[PDB]
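Accompanying notes for the structure given below.
6 protein chains.
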Amino acid sequence: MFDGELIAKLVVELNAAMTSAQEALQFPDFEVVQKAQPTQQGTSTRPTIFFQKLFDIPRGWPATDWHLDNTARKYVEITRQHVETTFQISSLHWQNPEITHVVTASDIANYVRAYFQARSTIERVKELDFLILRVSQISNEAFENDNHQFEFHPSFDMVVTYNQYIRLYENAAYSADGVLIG
Amino acid sequence: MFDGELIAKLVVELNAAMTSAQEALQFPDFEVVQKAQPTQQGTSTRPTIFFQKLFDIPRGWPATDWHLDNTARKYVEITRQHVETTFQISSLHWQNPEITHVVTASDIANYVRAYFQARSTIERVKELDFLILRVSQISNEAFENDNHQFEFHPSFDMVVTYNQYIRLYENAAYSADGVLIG
Amino acid sequence: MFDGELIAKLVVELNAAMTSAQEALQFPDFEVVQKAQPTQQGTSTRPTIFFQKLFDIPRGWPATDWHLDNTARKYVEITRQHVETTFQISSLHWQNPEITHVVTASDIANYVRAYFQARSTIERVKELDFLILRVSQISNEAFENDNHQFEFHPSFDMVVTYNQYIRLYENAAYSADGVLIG
Amino acid sequence: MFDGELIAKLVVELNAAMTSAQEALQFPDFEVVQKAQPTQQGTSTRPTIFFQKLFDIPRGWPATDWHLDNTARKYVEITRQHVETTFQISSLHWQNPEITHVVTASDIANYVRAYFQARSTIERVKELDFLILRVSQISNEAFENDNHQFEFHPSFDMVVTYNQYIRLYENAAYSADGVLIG
Amino acid sequence: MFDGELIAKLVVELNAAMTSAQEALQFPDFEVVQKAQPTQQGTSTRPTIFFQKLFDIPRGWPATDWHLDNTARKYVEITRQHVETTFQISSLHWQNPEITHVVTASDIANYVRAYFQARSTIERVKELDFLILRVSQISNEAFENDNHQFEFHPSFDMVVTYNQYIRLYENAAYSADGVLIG
Amino acid sequence: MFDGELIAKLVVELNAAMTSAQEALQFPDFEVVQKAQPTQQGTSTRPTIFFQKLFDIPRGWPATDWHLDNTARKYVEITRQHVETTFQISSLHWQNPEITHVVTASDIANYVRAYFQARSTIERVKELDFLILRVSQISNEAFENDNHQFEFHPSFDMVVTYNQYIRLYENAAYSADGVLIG
Numbered sequence: 228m229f230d231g232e233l234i235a236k237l238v239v240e241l242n243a244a245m246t247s248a249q250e251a252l253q254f255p256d257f258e259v260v261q262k263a264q265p266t267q268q269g270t271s272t273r274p275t276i277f278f279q280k281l282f283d284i285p286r287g288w289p290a291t292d293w294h295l296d297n298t299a300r301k302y303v304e305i306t307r308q309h310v311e312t313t314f315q316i317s318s319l320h321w322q323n324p325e326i327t328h329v330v331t332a333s334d335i336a337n338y339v340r341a342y343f344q345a346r347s348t349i350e351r352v353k354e355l356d357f358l359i360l361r362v363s364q365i366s367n368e369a370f371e372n373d374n375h376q377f378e379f380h381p382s383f384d385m386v387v388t389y390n391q392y393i394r395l396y397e398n399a400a401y402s403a404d405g406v407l408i409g
Numbered sequence: 228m229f230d231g232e233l234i235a236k237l238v239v240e241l242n243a244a245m246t247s248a249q250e251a252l253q254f255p256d257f258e259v260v261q262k263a264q265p266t267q268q269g270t271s272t273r274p275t276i277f278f279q280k281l282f283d284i285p286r287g288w289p290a291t292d293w294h295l296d297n298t299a300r301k302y303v304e305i306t307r308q309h310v311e312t313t314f315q316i317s318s319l320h321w322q323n324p325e326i327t328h329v330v331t332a333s334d335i336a337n338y339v340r341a342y343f344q345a346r347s348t349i350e351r352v353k354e355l356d357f358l359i360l361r362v363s364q365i366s367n368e369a370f371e372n373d374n375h376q377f378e379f380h381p382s383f384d385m386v387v388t389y390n391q392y393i394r395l396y397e398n399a400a401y402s403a404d405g406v407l408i409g
Numbered sequence: 228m229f230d231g232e233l234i235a236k237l238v239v240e241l242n243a244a245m246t247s248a249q250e251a252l253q254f255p256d257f258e259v260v261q262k263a264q265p266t267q268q269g270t271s272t273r274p275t276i277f278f279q280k281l282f283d284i285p286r287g288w289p290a291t292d293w294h295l296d297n298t299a300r301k302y303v304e305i306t307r308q309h310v311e312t313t314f315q316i317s318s319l320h321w322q323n324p325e326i327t328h329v330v331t332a333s334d335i336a337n338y339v340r341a342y343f344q345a346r347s348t349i350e351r352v353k354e355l356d357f358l359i360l361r362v363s364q365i366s367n368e369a370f371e372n373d374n375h376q377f378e379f380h381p382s383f384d385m386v387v388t389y390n391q392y393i394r395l396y397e398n399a400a401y402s403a404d405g406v407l408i409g
Numbered sequence: 228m229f230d231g232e233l234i235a236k237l238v239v240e241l242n243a244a245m246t247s248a249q250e251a252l253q254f255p256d257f258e259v260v261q262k263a264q265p266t267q268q269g270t271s272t273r274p275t276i277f278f279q280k281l282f283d284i285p286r287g288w289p290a291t292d293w294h295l296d297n298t299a300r301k302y303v304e305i306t307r308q309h310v311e312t313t314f315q316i317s318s319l320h321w322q323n324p325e326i327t328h329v330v331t332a333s334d335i336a337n338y339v340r341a342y343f344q345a346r347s348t349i350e351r352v353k354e355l356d357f358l359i360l361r362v363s364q365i366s367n368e369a370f371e372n373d374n375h376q377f378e379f380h381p382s383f384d385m386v387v388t389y390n391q392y393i394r395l396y397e398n399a400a401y402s403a404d405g406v407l408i409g
Numbered sequence: 228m229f230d231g232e233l234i235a236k237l238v239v240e241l242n243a244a245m246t247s248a249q250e251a252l253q254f255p256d257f258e259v260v261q262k263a264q265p266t267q268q269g270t271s272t273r274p275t276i277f278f279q280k281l282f283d284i285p286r287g288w289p290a291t292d293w294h295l296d297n298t299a300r301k302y303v304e305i306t307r308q309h310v311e312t313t314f315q316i317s318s319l320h321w322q323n324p325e326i327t328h329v330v331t332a333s334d335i336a337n338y339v340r341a342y343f344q345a346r347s348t349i350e351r352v353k354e355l356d357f358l359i360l361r362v363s364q365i366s367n368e369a370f371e372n373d374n375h376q377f378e379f380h381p382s383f384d385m386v387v388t389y390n391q392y393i394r395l396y397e398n399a400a401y402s403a404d405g406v407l408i409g
Numbered sequence: 228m229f230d231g232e233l234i235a236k237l238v239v240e241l242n243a244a245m246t247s248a249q250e251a252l253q254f255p256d257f258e259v260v261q262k263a264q265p266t267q268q269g270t271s272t273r274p275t276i277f278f279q280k281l282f283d284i285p286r287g288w289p290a291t292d293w294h295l296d297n298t299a300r301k302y303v304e305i306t307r308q309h310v311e312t313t314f315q316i317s318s319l320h321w322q323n324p325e326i327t328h329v330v331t332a333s334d335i336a337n338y339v340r341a342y343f344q345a346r347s348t349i350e351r352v353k354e355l356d357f358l359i360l361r362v363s364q365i366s367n368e369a370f371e372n373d374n375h376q377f378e379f380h381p382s383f384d385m386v387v388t389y390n391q392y393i394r395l396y397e398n399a400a401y402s403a404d405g406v407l408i409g
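Chains as they are written, first to last, in this note's numbering: chain G, 228 to 409; chain U, 228 to 409; chain S, 228 to 409; chain D, 228 to 409; chain Y, 228 to 409; chain L, 228 to 409.
This is how it looks when you write it as structure tokens:
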């Protein structure tokens with residue numbers, strides 16, 4: 228389907244997941260942004276979710292099927308490749324130490340991970356022409372932020388499988404003949 | 228169960244472990260603190276315990292069970308995931324060579340590890356909805372320290388397993404019909 | 228077949244693939260350039276494709292056949308080696324956020340890869356005296372660009388197999404004789 | 228036993244081994260020094276031996292034993308663990324090149340290692356509640372002293388196994404009853 | 228058979244190979260030099276080939292033979308070891324983009340490698356008391372060059388097997404005596 | 228114990244090997260020198276041999292045998308350990324391009340290696356209470372010398388096995404008695 232359609236669908240799904248998480252855990256507000264912005268921009272203080280695409284795998288020999296155009300007397304050769312892409316998803320949130328109600332960035336990451344692994348969401352995204360494999364690890368990494376202090380940047384990887392289509396032209400034959408020799 | 232409840236329970240358990248270890252080995256005093264403080268802080272010159280969260284393991288396919296709400300004619304889908312989290316426990320203590328009564332930081336770390344591996348503590352913590360696996364190594368590391376005096380920072384990691392719950396909605400059907408052809 | 232002819236054939240094939248991709252996805256314009264420019268150059272602000280040559284495997288023991296020159300009474304020894312050359316192909320394209328029609332550099336790389344894996348292109352290139360093996364991965368890498376805005380540099384590896392020929396001289400014999408001893 | 232008793236003992240047998248080695252090879256004098264001083268130090272220009280604790284291995288599931296206190300009607304739960312507590316031994320000596328009688332630092336390290344591997348020393352140590360495993364390697368490393376006079380620093384690792392004890396309380400029951408239904 | 232004659236024979240063979248390659252591919256001129264310049268030198272701006280020895284493998288237990296000197300009543304013990312040595316062959320050539328006739332440094336490296344693998348070359352070499360094993364890889368590497376212009380430095384490894392001889396003396400016996408007891 | 232004597236014997240053997248090599252290959256003159264000099268010293272221009280001791284391996288459980296002292300009524304417990312020592316041998320020689328008679332540093336290293344692997348030298352060394360195992364590699368490395376004049380530093384490893392002894396005291400018993408019960 229190529230990137231743009233997949234990215235748009237993933238953004239919509241992430242927005243829905245973040246809305247569900249906000250109702251579930253009661254954190255103030257959220258944003259969904261892509262990690263590598265093509266223009267000089269600044270981070271947002273709101274609880275944020277990030278995504279990025281990193282490497283790709285073709286997964287299998289290409290499959291070709293032939294469709295015939297009668298008017299022009301040509302075969303249209305369609306080749307389909309079943310591709311797998313891995314997306315990195317990470318979140319960010321700063322912990323105010325004098326608020327009695329506590330929600331962690333790891334909690335947001337875990338909830339977003341669990342939402343995408345549910346069977347209902349898989350059933351819903353099936354009609355969006357892609358499925359999701361299993362997620363096996365979520366890690367907490369600590370850095371020193373920009374205001375100094377300390378902060379966590381949890382992250383995990385997701386795999387999305389879909390189909391890629393290309394179109395080409397080929398000649399067609401309409402009769403056969405031979406010779407027999409003894 | 229997520230993080231806040233888990234962290235609070237672990238803090239209470241660590242406080243109890245130090246309460247025991249103080250009569251066990253005759254410390255001056257103790258404190259339990261978390262690593263990665265969100266605010267700038269200074270360390271304390273007393274026997275101290277530090278803990279931190281490293282990563283998570285989903286450990287198995289999600290399990291879904293269905294509960295029916297009769298009034299609104301809806302199924303509420305409950306999905307449970309059995310997660311494993313690794314916490315890194317470390318201690319700090321400075322050795323005064325003049326005192327004749329000697330207690331080591333590695334000694335405190337060993338006692339804390341032994342406390343969590345006892346059968347009685349596991350039986351008591353079972354009602355707190357998580358359990359502990361085995362601990363396989365404790366390591367001593369030496370650093371220069373701010374006062375240019377060599378010091379030890381023993382550490383080990385611990386694993387606790389629990390359940391995470393998410394909640395969603397789904398439609399319900401109340402009748403069936405079909406057609407038979409031959 | 229040595230490197231230069233292979234490079235020319237690869238260049239014309241890449242130009243054809245780029246024309247097909249432009250008709251497929253509506254690029255502004257394209258360009259095919261080699262990476263390691265001998266003379267100093269400055270790169271172009273267009274959707275471009277890059278290729279480079281790296282590694283070389285001989286793949287098998289050499290095979291020799293003999294052709295006889297009657298006039299000079301000499302054997303001409305021809306030795307053929309079936310070579311496997313690896314090419315790395317990468318692309319560049321800067322995403323402009325405000326335009327609604329979106330095409331990514333990874334899309335260009337994916338289409339170029341898919342073109343070279345099609346069966347019709349293999350049939351066309353066979354009469355050009357080389358064939359292509361399977362491609363197994365594509366990777367996205369993010370760098371900082373000469374402007375201080377982020378960018379992506381997708382890449383993948385391609386394998387091309389062909390034959391190499393060398394000619395040498397050797398003496399010839401025209402009669403035999405022996406002695407029998409008992 | 229915890230660190231203090233073990234370290235004091237190891238010091239005592241280290242002094243005994245050094246005395247035996249001095250009678251064996253006619254050293255000037257010797258010292259036994261730990262390789263982590265909490266206070267600033269300066270090291271000594273003498274044939275010295277160094278030791279330090281590296282890490283720990285719990286080595287097996289804990290074993291619990293129950294001892295009953297009749298007066299208070301309580302069980303005292305004793306838990307025993309059997310650890311390994313690897314140590315690192317290293318020596319230092321400067322080789323004066325114009326003395327006929329020659330002894331190397333590697334000689335000191337080898338003799339100290341051989342002393343601890345003898346069966347008589349093992350039998351004597353056994354009454355001190357720990358035992359020694361096998362030693363597999365000794366290595367020479369070249370320093371540069373203090374911007375002069377290249378020097379050698381031999382080292383090797385040693386393992387001493389023992390038991391660790393912890394005590395806890397638990398309730399006790401004195402009678403049983405039941406109900407039979409069919 | 229030690230290094231000096233090895234290098235002499237190798238440079239003669241490389242000169243012959245380059246004379247053949249010049250006819251085959253029409254270089255302007257060539258030159259063979261070593262990468263072990265004992266004196267400061269400055270390289271040449273001509274198609275150049277380089278060689279150097281990396282290491283050595285003994286390849287087998289030594290084989291001893293005994294030859295008797297009657298006049299001096301001594302055995303001369305000859306020991307032979309079948310040595311394998313590794314040489315690195317690499318080439319340099321700068322690409323002028325304006326010339327229409329194109330030849331690559333990779334082409335020169337490939338031709339030189341192919342020349343040494345031919346049957347006729349091995350037959351010629353055999354009477355020079357060494358042989359060549361199989362070559363398995365050639366790699367292109369790009370560097371900045373002293374004119375700030377990219378260029379390639381292809382290289383590959385070759386293996387040469389030969390024999391080494393040393394001679395020593397040993398006593399000789401000429402009679403035997405015995406005693407029989409029961 | 229038993230190291231300085233080993234170095235003295237090894238130095239004598241190396242001097243003999245260099246005498247043989249000088250007669251065999253016509254060196255100007257030679258020197259045998261140990262690395263890691265305990266005093267600030269300078270390298271010599273003459274063809275030189277450098278040796279060093281790297282590490283030791285105990286190779287087997289210790290073996291104890293008992294010798295009885297009748298006068299003092301004590302057992303003298305002798306423990307023997309059969310260790311292996313790894314020595315690194317390297318040579319240095321600067322090539323003069325204008326002299327027609329050529330000898331390489333690798334030739335010196337190879338001749339020294341071959342001398343120690345001969346059966347005659349092993350038989351002669353057997354009376355000196357140690358033996359040599361097999362040598363499996365010799366490598367060339369390039370230094371930079373005096374800011375230019377690249378140079379080679381060939382090296383290889385040798386293994387020497389021997390026995391080392393320790394002596395200790397133990398009590399003795401002279402009679403036995405028992406009790407039989409039923």
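Where is the CB? At the ideal position from N, CA and C, for every residue including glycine.
Spatial distance of residue i from residue j (CA atoms)
i	j	result
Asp230 (chain G)	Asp334 (chain S)	6 Å
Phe257 (chain L)	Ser317 (chain L)	13 Å
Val239 (chain G)	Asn337 (chain S)	24 Å
Interface residues of chain U facing residue i [CB-CB closer than 9 Å]
i	result
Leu360 (chain D)	Those do not exist, as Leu360 (chain D) stays about 17 Å from chain U at its closest Cβ, beyond 9 Å.
Beta carbon proximity, residue i to chain L, threshold 9 Å
i	result
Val352 (chain D)	no
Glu304 (chain Y)	yes
Interface residues of chain G facing residue i [CB-CB closer than 7 Å]
i	result
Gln322 (chain S)	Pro265
Contacts that residue i makes with chain Y (C-beta to C-beta distance below 7 Å)
i	result
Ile365 (chain L)	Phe282 and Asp283
Where residue i meets chain U, residues with beta-carbon distance less than 7 Å
i	result
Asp230 (chain D)	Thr331, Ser333 and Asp334
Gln308 (chain D)	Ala341
Neighbouring residues, chain L, relative to residue i (Cβ below 7 Å)
i	result
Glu397 (chain Y)	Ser347
Interface residues of chain D facing residue i [CB-CB closer than 9 Å]
i	result
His375 (chain U)	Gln267
Any chain Y beta carbon closer than 9 Å to residue i
i	result
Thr272 (chain S)	no
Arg300 (chain S)	no
Residues that residue i bridges to, as DSSP identifies them
i	result
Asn337 (chain G)	In the DSSP output, where bridge partners are listed per residue, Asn337 (chain G) has none listed.
Neighbour list for residue i in chain G, Cβ cutoff strictly below 9 Å
i	result
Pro289 (chain U)	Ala341, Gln344, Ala345 and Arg346
Contacts that residue i makes with chain S (C-beta to C-beta distance below 8 Å)
i	result
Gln315 (chain G)	Within chain S, no residue comes near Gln315 (chain G); the closest Cβ sits about 11 Å away, beyond 8 Å.
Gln391 (chain G)	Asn337 and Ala341
Closer than 9 Å to chain S by CB, residue i
i	result
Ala403 (chain Y)	no
CB contact below 9 Å: residue i versus chain U
i	result
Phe254 (chain G)	no
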